[PDB]
Structure formats: C-alpha cells, structure tokens
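Protein chains in written order, with the authors' numbering: chain LT, 2 to 161, 163 to 171; chain LN, 4 to 131; chain Lg, 2 to 98; chain LB, 2 to 271; chain LJ, 3 to 183; chain Ls, 79 to 123; chain LP, 6 to 191. Report on the following structure.
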RNA sequence: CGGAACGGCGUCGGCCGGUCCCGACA
RNA sequence: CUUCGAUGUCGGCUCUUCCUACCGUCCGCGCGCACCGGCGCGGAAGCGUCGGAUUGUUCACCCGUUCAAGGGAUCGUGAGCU
RNA sequence: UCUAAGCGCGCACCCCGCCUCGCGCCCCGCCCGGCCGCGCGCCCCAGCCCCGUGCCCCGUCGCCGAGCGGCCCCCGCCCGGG
C-alpha cells in the first residue's frame with residue numbers, strides 16, 4: 002500500500018567493526034510492518050535476526066502518480082499444496098498502487114494473504130514488453146469499450163426505494 | 004453508443020467528487036480509469052468505472068495530456084457547455100441547488116409543493 | 002390543539018433502541034423522511050418532534066437527539082416514553098418551533 | 002423393524018373424511034365438458050331410485066365368450082318424473098374460477114319450488130319472490146337480465162325443480178338442481194335455448210339415450226357408528242383376544258407420537 | 003476486448019435486423035429468427051452482418067460464431083432451400099410411406115409388420131415428398147434448416163425397433179443426404 | 079441391402095460407449111458428454 | 006407495486022419493512038415476479054418444500070399454497086414476526102393479487118428498481134417467472150389470469166389514447182398562480 | 001452445502017518446455 | 001454417557017407409516033445382445049414381494065404358486081393380545 | 001461435436017384433473033339500507049431512442065358530487081316420522 006526503502010545492518014562487533022548495510026524496497030501498509038518484513042527477509046537471506054541487527058532508516062517514497070504505467074511484478078507465494086513462483090503484470094499509476102492491485106488479485110484468485118507472498122521484484126514493463134493479454138488489451142493506442150457495468154448506477158435505487167418507472171440504462 | 008474512450012465526459016456517480024464533471028485520460032482496466040477535471044474541481048485520480056457514468060460529449064484530447072494540456076483543451080472544447088445546457092446538465096444543476104437546503108428551506112419548499120399539488124387539482128377540475 | 006398550522010416533516014416511530022437481547026425504551030428510533038444518510042441527519046438533529054397518542058388524541062412531544070446508523074435513522078427521547086402500541090405510527094418534525 | 006409380510010393398506014384415503022354428508026342430496030360437483038359447436042343438449046337430470054329387476058340381453062361383444070350369447074344382468078330403475086325449468090344462471094370463468102353473473106327466475110314459480118324455500122309451508126309468511134313476481138311479468142325485466150347473461154357469461158345453466166307430487170315420495174318440496182346447457186355455437190345460443198325451456202317440463206327421454214353411459218351421483222345407505230372391521234375391512238383378531246377381536250390391535254408405533262390419519266378408527270359408516 | 007465475427011449478406015437476400023430478431027427475405031420465403039436469448043451487438047454495416055459480443059468470458063466467446071452461422075443458414079435456406087433425403091431401410095417387411103395433406107405430413111406403415119400407424123406432421127415450412135427418381139426415399143424441402151432438420155429427426159425417431167439388437171435389426175428411416183438444393 | 083445397411087450402421091453401430099456412463103458418444107470423442115471428462119470408450123460389432 | 010420483474014425475496018424484504026412501518030402495501034401482478042435459478046431447480050425447490058407435511062394429519066401441517074400471490078404472501082410471512090401482534094397486524098395490512106384486479110386497476114403503481122431482476126441478476130443467471138412454477142405445482146388460473154390481463158391491457162391503451170389527449174389540455178393550462186410557485190420553487 | 005483417494009474438454013489464473021512468415025507433399 | 005423411590009423383557013398375530021443400498025413391473029443405454037432368454041448400468045419407491053411342513057424362534061431349511069429385494073419406526077407394535 | 005446460447009421427444013415416478021372434505025365467498029330471494037376510500041398507459045434493458053426523473057403534505061386543509069372500488073347488515077325452533 003505505501004512503499005518504503007528500508008536500510009538495516011547487523012550490530013557492530015569487535016571481530017567485525019563495520020558490518021554490511023543492506024537495503025530492500027518493501028511495499029507495506031505502515032512503517033512497522035515494513036520493518037517487520039525487512040527482518041523476516043534479512044533473517045533467512047543473510048542470517049541477521051532483529052536482535053542482532055539495527056534498522057538505520059525506513060524511508061517512505063511518495064512516487065508521482067500523474068500518468069499510468071505498466072508494472073511487472075514477480076512473487077513467490079505458498080498454497081496449501083506448496084510454494085509457487087508467479088509473474089503478474091498490472092497497469093497502475095504507481096508501484097505502491099500496483100502492489101495493492103496484485104495483492105487484491107492474489108487474495109481473490111490465489112487465496113494468498115500478504116504474509117504468504119514474498120515480492121522478488123517489481124518493474125515498469127514498457128508497452129512493447131507486456132506479456133499478459135489483460136494488460137496488453139489496454140496498452141493499444143485507442144481503446145474504446147462500452148461501460149463495463151452501467152447497471153451499477155443502482156446506487157440511485159437505495160436512496161430513491164420506490165420509483166414510478168423502472169429506470170433505463 | 005457512449006463508450007469509455009479518452010475524453011469522454013464522465014459524471015461522477017460516487018466518491019469524494021460526486022456530482023462533478025471530469026474527462027477520462029487513460030484506461031487502466033475495464034474496472035478502472037484515470038480522470039481529471041481542470042475546468043471543474045476534480046483533481047487527477049484513478050476511479051472505478053462504477054463511480055463514473057458516461058455522458059454523450061467526448062472532448063478532443065492529446066494522449067497522456069498532463070493537467071495543463073488537458074485544461075487548455077477542456078477549456079477550449081464546447082463539450083462541457085453542450086452537456087451543461089442539456090437536459091441531464093440542467094437536472095445536475097437543479098440537483099446541486101437542492102442539496103444546499105436548510106431545514107427552514109425544506110419547509111418553505113414543502114409548502115410551495117403542496118400549493119402546486121392543489122393547483123393541479125384546481126386546473127384539472129377546470130379542464131372539463 | 003397546540004399543533005394546528007405546524008407544517009411538520011413526515012417521520013415514523015420505527016421502534017425502541019434495542020439489541021436482540023436488551024431493549025432500551027428510554028430512546029426511540031425515528032425514520033425521518035428525505036433523510037437517508039447519517040450526515041444528512043444533522044439538519045434535523047435537536048429538533049422538536051411529536052407523536053399523537055392514539056387513545057388520548059393529544060401529542061406526546063419529544064426531541065431528536067443523535068443519529069442511529071449510517072442510513073438516517075435518528076435516536077429520539079420523548080417527554081414520557083412511547084407506549085409500544087405507537088410503533089409505526091407517524092412522528093412530526095415541525096418545520097417551525 | 003419391517004412388517005415382514007407385504008400387505009396393502011385396507012381402505013381408500015381419497016374417500017376420507019368418512020363423515021355423514023353435509024350436502025343435502027347428491028350434488029353433481031362437476032359437469033360434462035362444454036364442447037364447442039356440439040348439438041345443444043342438457044347435461045343432467047334428478048331421479049329417485051325405485052328398484053332393481055334383472056334383464057335377459059343378447060350380448061354382441063366380439064372376443065368375449067358371451068358373443069352372440071344370452072346374459073341375465075342386474076339393472077336399476079330410477080323414477081324420473083319431468084322437471085320444470087325455473088331459472089337460468091350464467092357463470093363467467095374469471096381468475097377466481099366460475100363466478101355467477103346473475104340468476105334470472107321465471108315470472109311464475111310452481112308451489113313445489115316455493116315449498117323448498119320455506120321450512121313449513123303452512124306456517125310460512127310466504128314472502129319469497131313477492132316483489133320479484135311484480136318486477137317480472139312485465140316481460141322487459143327478464144329480457145334485460147338475459148341480455149346481461151349473453152354479454153357477460155360463458156357457462157349457462159338451467160335451474161330445474163323435480164315434481165314430487167308425481168312421485169310416491171312423501172317429500173312435497175322440489176329438489177332444485179342446476180343443469181348445464183352444453184354444445185352451443187355461441188353463449189347466446191345456449192341462453193336462447195334455455196328461454197324456450199323456461200317454466201316448461203324437461204324429460205329424461207330428451208336428456209339421455211339408450212346405450213349411452215351415465216354417472217349416477219348419490220348419498221349411500223347409512224349404517225351409523227360402525228367398528229373398524231366393518232367400516233375399513235380390517236382382519237378380526239384371533240378368538241382368544243382379551244378385550245375382543247373386533248379392533249385394530251396397534252394404532253401406531255411409539256414414533257410418530259400421535260395416531261395417524263391413515264390408521265383405521267371406528268365411526269360413521271354410510 | 004470484443005469477440006467479433008462477420009457474415010457477408012448475399013444480394014439475393016434482403017435482411018433486416020431489429021433488436022436481436024433477424025428477418026431474412028429470399029426467393030423461397032422470409033425467415034425470422036430471434037437471438038434475444040444471448041448478448042450480441044449484431045450490426046448491418048453495409049453488406050456485412052457482424053455479431054460482435056463484448057467482454058467475452060468462458061462461453062460468451064462461443065456466441066459470435068454460432069449466431070453468424072445460424073444467419074448464413076437462413077440466407078442459404080431462403081436462396082436455395084434445404085433438402086434432407088431420408089431412405090427407408092428394411093429387410094423382410096417393406097415400409098409404406100404415404101405423403102398426405104398438401105405434402106405437409108407422412109404416414110409410415112408396415113414397420114416390422116406392426117399394426118401401429120405412425121403419422122409425423124411436418125413442422126410449418128417443411129414439405130415431405132417421395133423420391134421421383136431415388137426409390138424408398140423421402141425428400142424434406144423447406145427454407146428453415148432447424149424446421150427441415152427437426153422434422154426428419156421425428157421421422158427417424160418414430161421408426162425405432164422396440165427391444166432386439168439394433169446392430170442386427172438395422173431397419174428404420176435414416177437421413178442420407180443433407181444439402182441446400 | 080448394402081448401402082442402406084451402411085447408412086443404418088452409421089446411425090446404429092458407429093459410436094463410442096463410455097465404460098462408466100455407458101453413454102453413446104461420437105467416434106472421435108475424447109471425454110464422455112454425460113460422465114463428464116470420462117476418457118474410456120469402445121463400441122462392439 | 007407491480008411485481009413484474011421483481012426478484013421474489015428482494016422485493017419481499019423491501020415490502021416487509023414497509024408493512025412494519027404501517028404503510029398498507031398492495032402487490033399486483035405477483036405472477037410476473039422472478040425467482041433466480043434454472044426453472045427445473047426452482048420448480049424442484051417448490052416441490053421439495055411441498056413434501057413437508059405433518060405425518061399424523063396433513064391438515065394440521067404446513068400449508069402449501071400453489072397460487073402466485075399466495076406464495077408471494079408466505080414469502081413475506083417469513084420475513085415478518087407474524088405470531089406477535091405487530092407482525093399479525095402488518096400481515097393484515099398486506100394485500101397481494103395476481104394480475105391487476107378491478108380493485109387495484111385505478112391506483113398509481115410504483116416499481117422498486119433495487120429489487121428488479123434487470124438491474125440485479127447478471128445476463129445468464131437463468132431467470133424464472135413465479136407463474137410458471139405455480140402452474141407446475143398446481144395453480145389452476147394461469148390461463149384465466151392472462152385472458153383478463155389481455156383485455157385489461159386493451160382498455161388500458163384505449164384509455165391512454167384519451168389520456169394523452171386530455172393531458173395536453175391540462176399542460177396547456179400553464180398560466181395561473183402555478184407559475185408563481187414554480188419561480189419560487191428553486 | 002461434514003468429507004477422502006481419485007476423476008473433469010466447467011471456468012479463471014499460473015509454472016515449465018516444443019513448433020510457427022525454413023507458413024505452424026502441393 | 002443417560003435411566004436402578006422401575007421407561008415391562010424375544011418371536012408371532014394385528015395395524016399404519018417410512019427409506020433405498022431396486023428383486024419383478026416402467027424408462028433408456030450397454031453385452032461375449034440372431035431370437036428367446038439371461039447379464040451389466042443410470043433414472044424410478046407407484047404397485048407387487050404370497051400359501052404351507054419342522055422349529056418359541058427372527059434366521060434356517062424344504063415343498064408349492066403369478067417363482068417371491070433388503071431394511072427403519074424405544075432391536076415399531078403388552079392399561080392391544082399371546 | 002446432443003450443449004456452451006438455441007430446439008425436439010421423453011418414465012408404473014412427480015404435479016394437475018376426476019373423485020372425498022371443505023373455511024370462506026358468490027349469485028339470488030326476503031330486503032333492497034347505511035358506512036368508508038379518492039389513485040390507472042404499456043413495453044424493453046446488447047437500443048437503453050434520449051434517459052441518469054418523479055412523488056416527496058394522509059391532513060401538513062385534503063374532504064361536495066360524479067364515477068369507480070370496497071365494507072357491514074340480512075335469513076327460527078319444539079313436535080311427529082324416516
């Protein structure tokens with residue numbers, strides 16, 4: 002939901018005076034979950050527990066949302082059968098908003114919650130590179146389709163309920 | 004007729020900017036769209052196509068036109084005027100006025116609405 | 002009667018503030034017409050309302066106190082307490098005072 | 002556990018409730034299908050069972066042994082004195098079923114019909130039809146009301162009354178019965194045929210034919226309170242049963258915990 | 003995404019599409035088929051009828067082509083007609099087929115020496131004639147493929163051996179040729 | 079007779095039977111129409 | 006309320022609430038209400054729901070009314086506290102009819118759009134009209150209701166042609182004190 | 001719609017390989 | 001576990017109901033289905049599933065016939081009986 | 001390619017009829033009397049033919065009549081036989 006670049010390292014020691022600083026880009030709802038996800042990875046990836054480590058920064062990045070881009074995300078998710086790898090493309094104005102779409106699609110179709118899914122990388126695919134037909138259908142220059150759901154103006158009927167005529171669509 | 008294409012004037016059915024006029028810029032998916040309303044009050048946002056009912060007028064638009072380029076075209080195009088002078092446009096203006104009515108005003112109108120119901124009975128009886 | 006040229010906005014006394022376990026007869030839930038949203042309820046909040054007793058014929062006055070849900074229903078308190086045979090009977094939020 | 006030996010239930014449950022008939026005499030309940038453009042005919046007649054005789058008949062049934070052979074068969078005589086038609090009811094079939102438009106009565110109704118309308122004719126005030134005979138007998142009333150039947154009715158029936166004076170019965174009151182007129186090309190053909198018969202006798206010879214089949218409808222002979230063995234046909238229990246052999250031994254099982262409607266019980270037979 | 007298909011209107015046929023009712027007018031008659039059972043944007047477009055289904059999911063994609071084919075069968079049937087040929091097949095007992103009415107019904111008798119008589123009434127718009135030059139054959143000719151096809155299925159269904167082995171007892175009336183003339 | 083026996087065999091003998099469903103199914107079938115997706119067919123002469 | 010096209014349950018719940026607000030609702034053309042789902046399944050539910058009956062005495066048991074307005078009424082008696090006086094009185098306030106009877110022909114009819122099946126139910130959810138299920142379970146007046154609603158429509162249109170003509174005269178009287186109210190009514 | 005091993009050319013979403021303007025014999 | 005200041009304890013007789021995991025009859029389809037028959041399968045609980053010798057027996061077994069499925073209902077059925 | 005849209009035929013089963021009961025209601029007769037209400041286009045949603053309104057005051061001034069739609073009222077026994 003938000004997008005954060007979290008910097009953290011292991012605590013300084015006498016055998017290793019300067020420890021390596023590792024930066025990860027974590028998409029998370031809040032700073033505390035971003036820090037939590039960072040440590041989950043740095044425990045498995047580089048054997049650094051939070052107890053044995055210091056987080057030196059959890060910066061929030063406010064990416065410009067003026068124009069739509071195509072995003073391409075690769076993730077690893079866990080089913081009731083076993084872990085699977087997956088590449089999902091999404092067209093959204095920003096990367097933080099693109100992870101919301103991906104997480105929503107993975108919750109609805111893959112029944113996968115945020116804590117199961119690990120995001121290997123997010124990237125901006127160009128219109129030429131898009132590999133999903135849902136994404137590619139709208140990359141085309143002039144895309145015109147009737148309103149997908151025009152009956153959805155039933156938002157009038159709750160406030161109205164009775165009406166003299168049944169409304170046309 | 005009436006399609007989700009760049010430039011279609013869209014009435015905003017719901018959301019923070021309900022009751023407002025915007026132009027579609029790009030279609031993220033059938034579900035969504037990026038609209039902006041420089042002549043009106045809508046800032047640039049991605050809304051669900053559900054919240055935006057299409058209007059007949061489509062404004063000429065340069066692809067991916069920012070706010071400043073979109074404003075120049077939205078101001079120049081006579082589409083917003085044609086819609087606002089239309090039957091839907093006039094209703095939207097009438098609906099806008101109705102919402103800002105105090106309890107004192109609601110009473111004023113209800114007396115003047117009863118007066119009309121009775122006037123039509125007086126007129127319909129006259130039409131023999 | 003005290004109320005003769007008092008114009009009023011139609012309303013209905015739906016029922017008492019209740020839960021599926023305990024009923025609170027002190028506060029009565031009123032559906033004011035033309036008000037479908039909790040934010041719309043502010044315009045008719047703190048206003049005099051009355052329910053005409055069906056046996057007596059005389060008005061039991063009261064005031065609208067606070068909104069009940071997101072859909073307009075308001076919570077209202079009456080000078081006595083509504084008898085319970087008056088549910089569905091109309092309440093009158095006067096345009097004047 | 003199961004019964005162990007297949008046997009049917011004793012009794013038809015479509016003849017339930019087995020109660021004394023509340024209807025005064027046999028009623029027709031349904032009438033023969035109307036049939037469009039048939040020859041115009043009257044569907045029913047009222048009669049009184051007289052006796053039974055036994056007849057010798059020559060049976061021309063090919064494939065039966067008794068083909069070109071002779072058979073003595075039981076036959077039931079039903080006395081049918083002519084019936085005076087007294088009225089004409091029209092029913093319009095509606096969403097709620099047939100609903101009668103109106104019933105138009107003759108300007109003169111005979112004494113046996115009037116007798117049906119009062120419990121004791123002698124001590125009766127005799128006010129029935131008093132205003133109606135005055136409103137009718139001008140001719141115009143009947144025609145205007147018959148016109149209402151032609152425009153707003155589909156099922157035209159004739160209301161007839163038996164004449165008990167021509168019978169050995171001690172009744173003295175006419176059984177009043179509606180008889181449907183079937184076969185008209187139009188509704189107006191049925192009402193017009195009915196007017197020809199109004200206030201006039203109708204005989205069985207016109208209503209039915211020899212060789213045709215008829216559905217007799219009547220209330221049966223009565224035997225009063227009767228036991229399960231006679232009323233439903235249940236088997237008498239062995240002779241040593243204490244409390245008697247003339248009963249259904251179990252009226253059900255522990256579950257369902259109430260006696261069932263399908264279990265034979267003592268009550269009115271006939 | 004629009005799943006589209008296109009059909010080309012023969013100028014022998016003048017066709018009018020209102021709502022989803024399609025009427026074709028041709029030399030042998032006028033056929034009217036209503037396609038309002040499904041969601042389609044059928045368009046006249048000069049000489050091309052395009053079915054055009056929109057947002058297709060699993061079987062919405064299937065619809066554009068069946069409709070386009072159901073329309074070209076209408077065009078072909080009005081222009082040339084449809085003739086389904088049915089040959090009575092028998093061994094010991096000859097089937098007797100008599101065309102009755104104004105060639106609008108058929109009676110098939112002597113099926114396996116059966117006392118039953120099987121009259122099949124042709125659907126409105128199909129006429130049954132006997133073979134003029136083929137022998138033991140019925141010609142079903144009409145402007146509608148669905149009418150001519152259904153009428154012939156009923157004629158086949160009527161002549162069904164009761165029990166037996168249908169593989170050994172392979173008698174019955176069977177459609178032999180289905181074709182425009 | 080010959081061709082008519084072939085036309086009858088077309089309508090009476092040339093088919094594929096699903097072993098579970100027992101249903102008649104076309105000769106190029108892969109899955110039975112009724113025994114959904116049941117792939118086991120045959121037909122005997 | 007004309008139950009033409011109204012989803013049975015979704016209209017009933019809107020009506021049951023209005024019956025409990027003392028609103029005196031009457032439902033016409035119940036035969037044209039819609040039950041979602043394949044008819045074969047909808048009929049099967051209404052035929053399974055008729056199998057429940059008190060074994061000892063079916064006259065003591067649940068009553069299965071085969072008429073469309075009587076099915077529609079039992080649907081509302083489920084969403085109403087009928088045993089209590091509040092709900093027993095509310096059930097009294099409801100009048101339900103198949104077709105528009107002469108009693109209800111001259112009332113102004115509204116339609117609740119939220120409960121209609123065009124707006125609810127996706128194209129393909131296989132709709133089923135209540136009247137068809139009624140004739141399968143055993144209603145006997147399906148034909149008679151149509152024959153009367155064919156003649157009702159015929160008068161309705163003749164009346165409408167006269168009504169368009171009379172309204173022009175009503176609308177033509179646009180000059181009076183009514184303009185003064187219209188200017189103020191803003 | 002408690003539920004299994006196993007089926008599905010129901011429908012959506014994936015992962016990994018093979019061919020296709022050397023047209024997926026003409 | 002629930003009942004011991006008591007819920008009468010097998011089979012038969014009598015009587016109703018219920019289930020399907022269907023034996024015959026019905027409808028399809030398959031056979032190593034020529035026919036007759038058998039046999040497998042899906043739908044189907046409307047009707048039928050009887051008379052007897054021995055045994056307290058349910059069961060068993062045998063004889064017979066329009067050839068004869070299986071069960072539940074406080075192991076249905078004692079102020080009904082034996 | 002029997003199915004996905006569309007369509008035909010289709011079971012001793014199911015539902016309806018016929019039959020048994022029938023609360024209510026209806027028409028009529030006697031009687032023909034009060035009381036109450038005030039309001040009608042239709043279709044279709046992948047044409048939706050110009051929409052996204054309206055009503056929003058059942059007393060809050062509405063209440064005559066007309067016309068329609070209601071509702072209520074109304075109807076003996078004893079005795080003797082079957």
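All C-beta atoms, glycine included, are put in the ideal place defined by N, C-alpha and C.
Original post:
Where does residue 96(LT) land, buried or exposed, given buried means 16+ other C-beta within 10 angstroms?
Top reply: buried
Subject >> As assigned by DSSP and simplified to three states, the class of residue 81(LT) >> reply: coil
Original post:
Counting contacts by CB-CB distance shorter than 7 Å, is residue 102(LN) in contact with chain LP?
Top reply: For residue 102(LN), the answer is no, since every Cβ of chain LP falls outside 7 Å of its Cβ.
Original post:
Hey, would you say residue 118(LP) sits closer than 7 Å to residue 169(LT), going by beta carbons?
Top reply: yes
Subject >> Residue-chain proximity (residue 127(LN), chain LP), Cβ-Cβ < 7 Å >> reply: For residue 127(LN), the answer is yes, since a Cβ of chain LP falls inside 7 Å of its Cβ.
Original post:
From residue 15(Lg) to residue 29(Lg), what does the alpha carbon distance come to, in whole angstroms?
Top reply: 8 Å
Subject >> Residues bridged to residue 208(LB) [DSSP beta-bridge criterion] >> reply: Its beta-bridge partners do not exist; DSSP assigns none.
Subject >> Sheet register partners of residue 162(LB) (DSSP bridge) >> reply: 85(LB) and 177(LB)
Original post:
Which residues, in order along the region 89-120 of chain LP, keep a beta-carbon less than 7 Å from a beta-carbon of chain LT?
Top reply: 115, 116, 117, 118 and 119
**OP:** Indicate whether the contact test is met: 3 or more Cβ pairs, each with one atom in the region 110-120 of chain Ls and one in the region 18-32 of chain LP, closer than 8 Å.
**Re:** no
Original post:
In chain LB, which residues lie less than 8 Å from residue 150(LP) when you measure between Cβ atoms?
Top reply: Below the 8 Å Cβ cutoff, chain LB contributes 96 as neighbours of residue 150(LP), in chain order.
**OP:** Indicate whether the contact test is met: 3 or more Cβ pairs, each with one atom in the region 167-178 of chain LB and one in the region 82-89 of chain LB, closer than 8 Å.
**Re:** yes
Original post:
Any idea which residues DSSP pairs residue 23(LT) with across the strands?
Top reply: 9(LT)
Original post:
What's the C-alpha gap between residue 102(LB) and residue 154(LB)?
Top reply: Taking the straight line from one Cα to the other gives about 7 Å.
Subject >> Candidates 51(LN), 32(LN) and 62(LN), of which the one nearest residue 18(LN) by Cα >> reply: 51(LN)
Original post:
How close, in whole Å, do the beta carbons of residue 182(LB) and residue 92(LB) come, if the pair is a contact with beta carbons under 8 Å?
Top reply: About 12 Å separates the CB atoms of residue 182(LB) and residue 92(LB); that is not less than 8 Å, and the two are not in contact.
Original post:
Between the region 17-50 of chain LP and chain LT, which residues of the former have CB atoms less than 7 Å from a CB of the latter, in chain order?
Top reply: Sequence-ordered contacts of the region 17-50 of chain LP with chain LT read 19 [C-beta pairs closer than 7 Å].
Original post:
Based on the DSSP secondary-structure assignment, which residues constitute the bridge partners of residue 138(LB)?
Top reply: DSSP output for residue 138(LB) lists no bridge partner at all.
**OP:** Would you check if the region 27-42 of chain LP and the region 97-108 of chain LP touch, i.e. whether three or more CB-CB distances between them fall below 8 Å?
**Re:** yes
Original post:
So is residue 220(LB) buried or exposed if we call it buried at 16+ other beta carbons inside 10 Å?
Top reply: Around the beta carbon of residue 220(LB), a 10 Å sphere encloses fewer than 16 other beta carbons of the protein chains shown; the residue is thus reported as exposed.
**OP:** Indicate the three-state DSSP secondary structure (helix, strand or coil) for residue 82(Ls) in the structure shown.
**Re:** It is helical.
**OP:** Apply the 10 Å Cβ neighbour rule to residue 117(LB) and answer buried if 16 or more other Cβ atoms are within range, or exposed otherwise.
**Re:** buried
Subject >> Bridge-paired residues (DSSP) for residue 56(LJ) >> reply: Per DSSP, 4(LJ).
Subject >> Cutoff 7 Å: residue 16(LN) Cβ touching any chain LT Cβ >> reply: At least one chain LT Cβ lies under 7 Å of residue 16(LN).
Original post:
Does residue 176(LJ) have its Cβ less than 7 Å from a Cβ in chain Ls?
Top reply: yes
**OP:** Using a Cβ cut-off of 9 Å, pull out every chain LP residue sitting near residue 146(LT), in sequence order please.
**Re:** What residue 146(LT) touches in chain LP: nothing, since even the nearest Cβ is about 16 Å away.
**OP:** Identify, in the order they occur along the chain, each residue of the same chain with its Cβ nearer than 7 Å to the Cβ of residue 30(LN), setting aside the five sequence neighbours on each side.
**Re:** Excluding residues within five positions, the ones whose Cβ falls inside 7 Å are 7 and 36.
Original post:
Going by the CB atoms, is the gap between residue 224(LB) and residue 270(LB) shorter than 7 Å?
Top reply: yes
**OP:** Could you check what DSSP says for residue 143(LP) in three-state terms: helix, strand or coil?
**Re:** Residue 143(LP) sits in coil when the DSSP states are folded into three classes, being neither helix nor strand.
Subject >> Nearest candidate by alpha-carbon position, reference residue 88(LN), set 75(LN), 58(LN) and 64(LN) >> reply: 58(LN)
Original post:
Under 7 Å Cβ-Cβ, which residues of chain LP neighbour residue 152(LB)?
Top reply: Result: empty, since nearest Cβ-Cβ is about 13 Å, beyond 7 Å.
Subject >> Opening and closing residue of the beta strand (DSSP E) in which residue 39(LJ) lies >> reply: Note, residue 39(LJ): premise wrong, no beta strand (DSSP E); not H, not E.
Subject >> Segment contact, 8 Å Cβ cut-off, at least three pairs: the region 78-95 of chain LJ with the region 169-177 of chain LJ >> reply: yes
Original post:
Closer than 7 Å, CB to CB, is residue 124(LP) near chain LT or not?
Top reply: Any Cβ of chain LT closer than 7 Å to the Cβ of residue 124(LP) would place that residue at the interface, and such an atom is present.
**OP:** Name, please, each residue of chain LP whose Cβ falls closer than 8 Å to the Cβ of residue 259(LB).
**Re:** 61 and 62
**OP:** Identify the continuous alpha helix (DSSP H) that holds residue 101(LT) and give its terminal residues.
**Re:** Element bounds for residue 101(LT): 96-109.
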